[PDB]
């Protein structure tokens, strides 16, 4: 049995593992990581926790009746252990049956999910590689993070914008006077990366504090970002930011302070927005006082912020929760409109940025080469690659096969899907309106899942296959989504546990049974694939003047780092500002479009041709709103979505075993609720249990229940059954942001809370199904 140390990486950072007698016993942060994540201990625990999946399993009803099975019992845990050979024969036969009977339109292979980093063991790309060989599949477009913003931005500034490099952190330290975090908590969300994170935001934030820059945070919650800077904290009722921005804009026009020259030379359509802002079109001037009535933020505060932003070099750093809501396209469109009025776009330290809270945006880019990995059979964000539906319309598709839907000016039809194959994702936690979804999933004949933890998604599968973690195999990956700091060897730490197999090995075996083995593997093995990716990067590096060692020398060192040349001076939009005729934006006019003729032509009632305030489905203190509290259903501090819920880390935040619910003292007192009580949170769509922590960190009228809790239904056959653990998507609605983007509205949620006085409940989500032990 092995003893020693091994370096590898994850979505949480680079680390060194201590191995004792073949078992990993500790993960220590990389010495060069400026700010390691406390979640590292949970990553290690996830390899061995009680919810680790040991063996391949088939749902008893499916085993016995196939397509004639009772599908309402999916998720009850009645599984049968089978041999790998049995399982693989069955998966291959079902993939082939569905392809022959229903065509490529019958197989949904979108499989949205955060998986693990790695250019070779990329489970969702490996899935599509196999499905391509089987005949084809239906894919998903966009993502749950910026579903609205990523579609409206190309019509406004010409490009995606949310996944692009930001003005560098050091430029902000030397030039910014006022830093605004608008619906962003960079301290919380900078802990992880899509590829390995370098944690570059932490040094950048520390430099702003040491410089004494004024920081303002606009968020309903008093976060660690507020606490780190001792920031001026503005607390708007959730979903009212657009009203606040309009009041600011109206103030700038009324006091004649806005930058008329910037508007004249770099934007288009301000004259069509002005009449709306002044109330000529609807008899409602969008004043600060009007904005106060909707948002609850004092009119004088709105006016003072507007004046301050106009007189100082200001950076508006906005997060994505405010577009993960009904009419979400309006939030960042209005933010860019406000930024245009301020006139600092393209100046060092001024303007706006939509990725300072995500995967190190702003950390200086190096001059190193790009690393490529296995493909599905064929250059931007890898997940953005009737064959395609907007990702959040998956349940609408299941309920309405053949029906039409709108998307970015086109009309398409939903395909008629009969099977879904999910790897590296957890839709039974990430998707909205759980009770609707539970019923909709009965439309599928067959549901196959691969994972290494017994998530709610794996519990609901017909066929579950145990995957390995990254720590039981070898791989290669980039350090830094934007910085490109280096390339890491993700070395094997321990042998595969139980009967777990890599997703690559599973799909290769399924491809073999379809008669397409060599087409899937390309005759290469694990290390042959990894060397081919490295060799390609090195060849590209050589041409650019970056020297890189030979493959075995790189593997022996475990990492290669690249040099920073001019990356620290990057200023976004500087060339556009310098010469807009030589360097125009990718819009129809070449300028920032405040009014879009293109969008006007679409004629969508829920996405007008300029930024507009519209009432959402439900909002805190909205006219005729049924429920009294808004749920800030945001990203977890001590999980990566659902990942790590079934680990030792849960002990640090669970309240009486349930997901925590933060509640203001006055809201708790009105309901006779005390700190630590178990409470039932409910609305017309569902009911869940959570454990309360009383704090004035959350503003009055708002409760915080993070997304990612492992749904643990009392009885799967009972419609609307109580969730015993606390999955906040039991309460959200499943609707599109608008006809333009069809994004998810996971943070448009109102509910009521009462002390739970019902029968005691037993938690079953954190131990494996009895038959799987």
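Residue numbers count along the first chain shown, from 1.
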property	result
Extent of unmodelled deposited sequence, residue 386 relative to residue 385	1 to 3
Gap size between residue 379 and residue 378, counted in deposited residues that the entry leaves unmodelled	1 to 3
544-552 versus 422-430 - which carries the larger mean C-alpha B factor in the record	544-552
Higher-scoring stretch by recorded Cα B factor average, 708-716 or 59-67	59-67
74, 357, 619, 411, ranked by C-alpha B-factor: the highest one	411
Candidate set 512, 94, 451, 161 [ranked by C-alpha B-factor, highest]	512
Ranked against its chain, the third holding the CA B-factor of residue 674	highest
Cα B factor band for residue 112 (lowest, middle or highest third within the chain)	lowest
Chain-wide C-alpha B factor ranking for residue 252, given as lowest, middle or highest third	highest
Residue 333 by Cα B-factor - lowest, middle or highest third of the modelled chain	lowest
Lowest, middle or highest third - CA B-factor, residue 765	middle
